[PDB]
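Engineer: Okay, here's the structure, questions in a sec.
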Amino acid sequence: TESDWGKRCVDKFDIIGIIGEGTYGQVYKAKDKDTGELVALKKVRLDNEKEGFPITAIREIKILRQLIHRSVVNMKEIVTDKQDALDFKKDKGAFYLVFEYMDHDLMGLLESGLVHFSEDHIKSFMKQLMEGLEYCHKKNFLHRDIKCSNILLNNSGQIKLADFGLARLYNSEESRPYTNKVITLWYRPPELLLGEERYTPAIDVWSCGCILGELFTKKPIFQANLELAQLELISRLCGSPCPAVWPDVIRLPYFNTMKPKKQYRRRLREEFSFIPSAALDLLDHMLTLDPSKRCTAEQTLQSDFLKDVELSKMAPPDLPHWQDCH
Amino acid sequence: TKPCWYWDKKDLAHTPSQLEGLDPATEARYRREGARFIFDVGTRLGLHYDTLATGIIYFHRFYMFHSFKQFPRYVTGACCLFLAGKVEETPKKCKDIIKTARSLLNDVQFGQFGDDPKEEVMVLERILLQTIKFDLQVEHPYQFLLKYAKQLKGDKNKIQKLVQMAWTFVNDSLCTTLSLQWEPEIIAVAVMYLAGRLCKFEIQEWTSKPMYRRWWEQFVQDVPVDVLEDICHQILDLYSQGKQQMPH
Amino acid sequence: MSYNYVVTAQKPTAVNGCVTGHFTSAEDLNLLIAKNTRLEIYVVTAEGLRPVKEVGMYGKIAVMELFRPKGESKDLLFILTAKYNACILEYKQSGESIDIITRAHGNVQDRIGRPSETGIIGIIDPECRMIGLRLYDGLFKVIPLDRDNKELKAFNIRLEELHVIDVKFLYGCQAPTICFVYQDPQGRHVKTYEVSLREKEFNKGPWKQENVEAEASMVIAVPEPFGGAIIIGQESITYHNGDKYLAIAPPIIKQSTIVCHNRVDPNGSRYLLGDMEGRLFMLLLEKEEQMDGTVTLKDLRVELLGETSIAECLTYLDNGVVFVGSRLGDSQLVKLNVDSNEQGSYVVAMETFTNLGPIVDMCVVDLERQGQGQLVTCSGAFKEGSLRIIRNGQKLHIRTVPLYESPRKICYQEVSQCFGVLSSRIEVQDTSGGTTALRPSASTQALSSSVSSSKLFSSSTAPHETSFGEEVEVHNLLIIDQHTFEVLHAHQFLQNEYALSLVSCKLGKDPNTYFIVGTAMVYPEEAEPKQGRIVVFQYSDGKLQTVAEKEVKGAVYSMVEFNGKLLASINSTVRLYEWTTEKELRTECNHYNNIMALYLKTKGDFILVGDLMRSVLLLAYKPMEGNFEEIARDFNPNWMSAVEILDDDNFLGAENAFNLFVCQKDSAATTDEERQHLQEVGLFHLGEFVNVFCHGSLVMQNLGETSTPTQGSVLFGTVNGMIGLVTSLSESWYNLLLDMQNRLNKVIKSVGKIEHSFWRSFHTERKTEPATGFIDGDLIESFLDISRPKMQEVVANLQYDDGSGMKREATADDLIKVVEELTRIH
Ligand SMILES: CC(C)n1cnc2c(NCc3ccc(-c4ccccn4)cc3)nc(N3CCOCC3)nc21
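Residue numbers (the entry's author numbering), protein chains in the order written: chain B, 715 to 1040; chain C, 20 to 267; chain A, 1 to 393, 708 to 1140.
In C-alpha cells:
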C-alpha cells in the first residue's frame, strides 16, 4: 500500500541533480519514473553510526506526516538504496525523504536580485506563510528555524514552509528547557539573544516579521555577525530591552550582560515610513520586543493587511525570465 | 496514507514466532519480558513514561513481522528504547542503554548482545524503522486517561484514586498484546471502567450527563461493553497468574 | 585558496556624465567628464579642449555637480559614488603641482531603505544652501551646506510620493523648492514642495499638482527670466509655472525618446534636447514682455538641428561648440551653425573621441601571423554599432569598422579568412504591413545576401498582431573579411528569430569548417522562448549555404565546440550533439538541472555552466558511458554576466552587481559532499559589468620576453568599454603583492578619502564582504607614480618569502623592477 514506507527503492527516481546541501545529507532533484512527477530527495545517511539515524530527520518525518496544510511542505514517501540481500548488518545504504519539488527558494530569488514584490504580492506571500504558521502553532509545534532559505515558492505563487529539522512540541502549561540558539542570527528573536531557553511560539513570529520588512526593502533588516551586534541593531530600531516595555527582561540570563550602547527609543515607524499603513502596523506588532506582547500568527491573519486577501488571487511574484540577458 | 497497526486476537495465532514452533504461552512470556526490560531500563535512565511506552509499542509491533527465534528480544528492546528516545525528544546515548542493560541482565541474557553489544543494537535501527514503516508518532492511553479525567467533577479523592488505579493498569497493559488490538483511547476508557468496577464508583455521576449510564460514549464513540470487558479480562488475568493483586 | 591578479588594460571610455563650470579657476571655463570611476578635467579653448588633470576615485561616480557657495572664489565639486560615498572636492594648483582637495566626506547610506527604480538623483539648491539626494523610495535626504558640515551629516524627510521619476531644485523661489514628477496608480503628476532646514520637513509648495503625460521623463528648472519648470515626455513638452500652463506636442519628437537636456542660453531662452536615434533638437522659449515690466513665456517651439552620436549627456560649451557624451557610441565635439548646410543640417562634427561602447562580445585573433594577438570587439549599439580592432603598439591602436546596426556575437574562421558576426537592426512597422529600416546598415549593404526559408515554425497558427510604428529587431549573420572588413555576406534570419550564439568549427569526421548559429523564437507574449533553431551554414565561394537545421524547444543561449561534438544550452537543458555522416545533428546526452543555462565554457571533457541565478556548475562528460555527471556546483546564489575557466580547478565568474569571484574544487575527498561543493575562494568588486571573458593576450611574445611572475591570461570586455586582464599568482607572489597593497593604501591619498578596502569589497544589496584572492593591479602599478619619499616609506620593514630567501628585505628600487615587469602584461 501507499503507507508502507522504507521499502520502495530509489531506483524509481531518475536523479536530475543536486539542488542544495542540507544538514543530514544532500538534497537532489529527481523525476519519478512511473508518474513523471518532479520530487526532491533528501538523503539521510546512518552510515556514520555515531548516534544512528539523525534526529533532525526524525523530527521532519514525525512532524510532517502529521501536518497537512497547503503552506507546509509535503513528504510523499521514504525510499532506500538497494539493500544488501539477506545481510542486514553489512547494509550501509542510505534512506531518502521524498518531498514535492518547489520551483524556487526565497533566498535564491532575492540574493540573485530577480524578484520584485508589489504590495499585493507581499499580501499573498504573508497570508500563506502565516496561515501555515498558524496551522503549525494550533498543533503546538515551533519551527525554530524560519529563514528565507526555508521558504519555498513555486512560480504559481504558492508558498510552502520546509526545513522542520529543529521543530519540537510546545506546551503552555509545562515549561520545558529548550536549546538556546535555534534561529539564524539574522532572524533570531530578541528573547533568545538573551537566552530565554523557555521560549514561546512568538519566536517564529519575530522571524516572519523580519521577512515582512525584508520583502519591502529586499535587504534583511538585522544583519550582524555576533549576538551582541545583533541586539544592538534590533535595539537601534525597536528600542532597547528595558522593564518599561518588557517587564520580565530582568529575568533573562544575559540581560545585565548584553547592554546596548544606549537605551534607544523605538524608531520602527520612522525608518519604515515608506511602507503602507496597513503593513507597517503589522511589522510593528510582529517586531515587538516582549514575546508576551508580540502578536500571534492568528492575530496577523485578522489584521487590516491580511484579513481581506483572497487566496484565489495568488498574484505570483514578478520573476524576470526573458530579457534578463540584455 | 497511514498504516494500520491493530490486529484481531485470533490473528496472534499466526505471528512469525508462532509459525516457527513457539507456543502461545512462550511468545506471551517473551513479550512480557521484553516490554518489562524496556520499562526497567528506561526507568533507571530517568525516561518519561511516554518514551518507555513508545519503545514498547515499537517492540510489540516489531514481533508482528518477525520471529523471536531470529531476533533476540533484549537487543530488539534496547533498540526500540534507543529510537523511542529520539522520537519522543528524550534522547540517550546507545552506550548508556547498553550499560544499564548489563546491570539488569544476567550473563546468559546479555549474551544475546553478542561480542559487540552497541553495534548489534545500532545495526537493528535500520530494520526497526522499515518494520514500523517510519510511522514514528504514537499516542498512548495516558494522555486520554488525563483528558477524560479532567472532565470528571466530584470528590477530588475518589477521582484521584480512580486515575492512579487506572494508570497502574495502563502500565500493565503495555506488557500485553492489547496495544496491538485496540486504539489507546479505548484502553484509557477500559482502565477507567475497570478501576470503577473495583472501586464501587459510578462514574456517570461525575460526567456532564449524569443520567447517561454508558458514561464512556461521550469520550469514545462506538465502543461496546463487549470490548471493555474483553480488555478488563485480559488485564486481570495478568494479575491472577502473577503474584500481584489488584492495586487498590 | 586561490591567488589571482586583475589589471585594467584600457580604462572606461563611456561618458556617463558631463558638467561645465569654473572649477580649476574662477576664470577658466571647465568641462568635467565622468567615466566610470574616472574624472577628466578639461579647459575650454577656441579650438577644442585642453586637458589639465585626470583622477581616479574608489567608486562608481553616480552624482557629479558643480556649485559655488557664497564666500568661495570658484566652483566646488560634489560627487556621490554608487556605494553612497559622498565628498566635496576642490582644485588647487601650486605652479606645476596639481592636486585635488577633499573638503568634506562621508557615507550617506541608510540602514533601512528601498533603492529607487530611477536610480540615485542628486541636485543642489540655486542658493547652494543644501544638496538634495533621492536614494530610497519614500525618502528625501538633505545634506545642508553649512561650513561646519565637514562630515556631510544629513537627515531624511518623509516623502509621501513613493515612486518619483525626477526632481530638480526650482529657481526664483522664496524658499528652497523642489519640483518632481511622480507616479501613483492614477498616472503621473508634477508636484512641488518647499524644504525647511530649520524645521527639517516639507511645507506646501508654490504651485498645484497638474496631471502630466504618462511617460513624463525629465524635469528642467528654468532660470530667473522665466521662472518655472519644463517637463519632457515621449509625445509632449509642457511648461508649468504657477497658473501658467503651456504645452507643445510636435510630431517630430514622438518618433524617438528624448533622453538628455542642457541649457544653451543662461536666460533659459534656448535648451538642447537629444533622442535615441541621435537627433539633436533646439527647444526655444519664445518671450513676451508685458507692459507691467514683467517677462512671460509666450510659446514653446522645437527645431531640429541635425544628428549627433546617441548621447547619454549633452553639455554646451561656448560659441557654437557642444560636447556630445555617448555611452553607446563615440563622444564628440560638434559645432552648431546659424546657417544650415546644403543637406539642411546645422550640426557639423569637429572631433571624435573613441568609445569602445558596450562590448557585447570579442575574440582574440593573430591576423598578421605575429605571435601577438589582436582583439576584435563587438562594440556599440543601434546606429553607433561598430567592430573595433585593438592592438598594442605606449598606446593602444584602435581601428573602427562602422556597422550601423547592433552587433551581438563574433567568432573567427581562419579557413575562410573572414569573421562571422551576429547583428540586429531596428525596423518599424510601416503602412505596407511589412517593416522599414530607419537607415542602411551592414545587414543591408552586404555584397551578397540570403534569407533563411526554413519551414520549421511555418505551421505557426500563433496569432501575432502588428501596430504601425512599433519596433522590431531583425537579426543577421554577417560574413566580414579579415583584411578589408567588407561585408561579404549577410544572412537574414526568420521573422521574430533572434540569433543568440555563434561558433565556427569542424564536427565529427566532416572536413568542412562551418558557421553554426543558435537562435530563439521571441514573441512578446512569451515569458521564456519555447522554440528555437541550431543552424549549420557553410561559407564557400562568397555564398553562405544552409547545410542543416535542428529544431529545439527553447532558446540556444550558448554553444561551444566539444571534441568534435556540439555542446549547446537550450533553456534549462545542456545538450551534447554528434555530427553524423549524413550531416545532421544527433543528440547524445542531456543535463536538465538548471534554471537557465546562459553561459558555457569547456576544457578537455569538463564543462562549466553559468546559470541565471545559481552561479556556476562544473559538469563532466563520461565517455565510457555517453552521458553527463555533475562534479560540483557553486551553491552560493549569484546572477551571472559571464564565466571563464582558469585551470582544471579554478573557475572565474562575473556578477550583475559589478562583482567578480573565483570558485575552486574543494579537492578534499573525505566526503562526497565536500567534493561537490565549489567553494568561492576569490571575491572582488570590479566596478564594471563584464560581458565576455576571452583567453588571450595583446602583448608581443617573442619567447625572449622576461618571464613574468603571473601565469595565464584572460581578457574581459565590459559595458563601459573597459578592457581588463585576470592572471594567476603563486602563493608567495600574492602575499608579497597583498602585503604591499596594505602598505600602499596607508601611503596613497584617495580622492574623497574613500578607503580602498571598502571600494573593492564584494557588494550586493543583501551582502558586503571583504575582497579575497585578488590583487588590485592598478594599486600595484601606481607604486611607480608615487614620490620617492613615499616609495621608501612603503618598503620599510617589508620581507619576502618562499623563494631564494626565506626572509629578504625590500628596497624601493627592488619593487620598481617587479612592478615594471607586472606592467608588461597589460
Ligand atoms: C527537500 C524539500 C524540502 N524541497 C522540496 N523542494 C525544495 C526546494 N526547491 C527550491 C529549489 C529549486 C531548484 C534549485 C536549483 C535548481 C537548479 C540548480 C540548483 N538548484 C534550488 C532550490 N529546495 C529545497 N532546498 C533548497 C536549498 O537547499 C536545501 C533544499 N528543498 C526542497
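Each residue gets a CB set at the ideal place from its N, CA and C atoms; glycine is no exception.
1) If we define contact as Cβ-Cβ less than 9 Å, is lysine 169/C a contact residue for chain B?
2) Does the distance between the C-beta of residue 1058/B and the nearest non-hydrogen atom of ligand 1 fall short of 8 Å?
3) Starting from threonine 73/C, find everything on chain B with Cβ-Cβ shorter than 7 Å and list it in chain order.
4) Does any residue of chain A have a CB that is nearer than 9 Å to the CB of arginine 912/B?
5) Residues in its own chain within less than 6 Å of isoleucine 1089/A by CB, not counting five upstream and five downstream?
6) Between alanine 946/A and ligand 1, is there a pair consisting of the residue's CB and a ligand heavy atom that are separated by less than 8 Å?
7) Using the three-state DSSP reduction, which class does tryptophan 719/B fall into: helix, strand or coil?
8) Looking only at C-alpha atoms, which of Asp795/B, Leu820/B, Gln780/B sits nearest to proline 934/B?
9) Using a Cβ cut-off of 8 Å, which residues of the segment 761–779 of chain B contact any Cβ in chain C, in chain order?
10) Under 9 Å between C-beta atoms, does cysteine 850/B make it to chain A?
11) Beta carbons nearer than 7 Å to chain A: which residues of the segment 831–847 of chain B have them?
12) Which residues bound the alpha helix (DSSP H) around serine 762/A?
13) For the structure I just gave you, are there three or more beta carbon pairs, one from the segment 840–853 of chain B and one from the segment 1007–1025 of chain B, closer than 8 Å?
14) If you compare alpha carbons, which of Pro12/A, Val44/A, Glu741/A is closest to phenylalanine 1030/A?
15) Would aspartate 115/C pass as an interface residue toward chain B - the criterion being a Cβ-Cβ separation below 9 Å?
16) Note down, in chain order, each residue of its chain lying with its Cβ closer than 6 Å to the Cβ of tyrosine 871/A, except the 5 sequence neighbours on either side.
17) If we count Cβ pairs, one from each stretch, closer than 8 Å, do we get three or more for the segment 355–368 of chain A versus the segment 782–793 of chain A?
18) Pick helix, strand or coil for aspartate 184/A, following the three-state DSSP scheme.
19) Taking the beta strand (DSSP E) that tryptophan 893/A belongs to, which residues open and close that run?
20) Tell me, please, which residues DSSP counts as bridged to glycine 74/C.
21) Report the start-end ranges of each beta strand (DSSP E) in the segment 1005–1041 of chain A that is 3 residues or longer and not cut off at the edges.
22) Under a three-way DSSP split, which group does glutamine 37/C fall into?
23) Hey, how far is the Cα of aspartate 275/A from the Cα of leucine 908/B?
24) Determine the direct distance from the alpha carbon of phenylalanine 220/C to that of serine 838/B, and round the result to whole angstroms.
25) Where does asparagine 894/B fall in DSSP's three states?
26) If I follow the unbroken alpha helix (DSSP H) through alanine 47/C, where does it start and stop?
27) Measure the beta-carbon distance from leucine 39/A to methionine 57/A and round it to whole angstroms, keeping in mind my assumption that it falls under 8 Å.
28) Counting only the same chain and skipping the five closest in sequence on each side, list residues whose C-beta sits under 6 Å from that of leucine 1112/A.
29) Does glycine 827/B pass the burial test, meaning 16 or more other C-beta atoms within 10 Å, or should it be called exposed?
30) Might you give, ordered along the chain, the residues of its own chain that have their beta carbon closer than 6 Å to the beta carbon of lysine 790/B, omitting 5 neighbours on each side?
31) Is it true that the CB of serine 755/A sits closer than 9 Å to the CB of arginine 739/A?
32) Starting from the N-terminal side, write out each stretch of the beta strand (DSSP E) that is 3 residues or longer and does not extend beyond the segment 139–227 of chain A.
33) May I ask you to check if the CB of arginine 779/B is nearer than 8 Å to at least one heavy atom of ligand 1?
34) Run through the DSSP bridge pairs and tell me what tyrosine 42/A is partnered with.
35) With 9 Å set as the bound, which would you pick, yes or no: does the beta-carbon of residue 660/B sit closer than that to a beta-carbon of chain A?
36) Taking only beta-carbon atoms, is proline 110/C less than 9 Å away from chain B?
Structural biologist: Straight from the coordinates:
1) no
2) Since the displayed chain B opens at 715 and closes at 1040, residue 1058/B lies outside it and no answer follows.
3) Ordered by position in chain B, no residue passes the 7 Å Cβ test against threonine 73/C, which lies about 11 Å from the chain.
4) At a cut-off of 9 Å between C-beta atoms, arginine 912/B does not count as an interface residue with respect to chain A.
5) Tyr5, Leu1051
6) no
7) coil
8) The residue among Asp795/B, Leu820/B, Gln780/B with its C-alpha nearest the C-alpha of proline 934/B is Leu820/B.
9) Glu763, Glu765, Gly766, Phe767, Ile769, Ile772, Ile775, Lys776, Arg779
10) It does not; no Cβ of chain A falls within 9 Å.
11) Those residues of the segment 831–847 of chain B that come within reach of chain A (Cβ to Cβ, closer than 7 Å) do not exist; the list is empty.
12) Looking at the DSSP string, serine 762/A is not in any alpha helix (DSSP H); the run it does join, the beta strand (DSSP E), is 762–765.
13) yes
14) Residue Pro12/A is the option with its Cα nearest to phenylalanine 1030/A.
15) Closer than 9 Å to the CB of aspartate 115/C there is not a single CB belonging to chain B.
16) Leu814, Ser883, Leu912
17) Segments in contact, no.
18) strand
19) 887–893
20) Looking at the DSSP assignment, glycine 74/C forms no beta bridge with any residue, so it has no partner.
21) 1025–1032
22) helix
23) 60 Å
24) Spanning the two alpha carbons is a distance of roughly 57 Å.
25) coil
26) First-last of the alpha helix (DSSP H) with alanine 47/C: 43–64.
27) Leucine 39/A to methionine 57/A, Cβ: 7 Å. Contact.
28) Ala1124
29) buried
30) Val812
31) yes
32) 139–144, 155–158, 163–169, 177–184, 187–196, 201–204, 210–212, 218–222
33) no
34) DSSP, once it has assigned bridges, lists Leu31/A, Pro51/A as partnering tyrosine 42/A.
35) Outside the shown range of chain B (715 to 1040) lies residue 660/B, about which nothing can therefore be said.
36) yes
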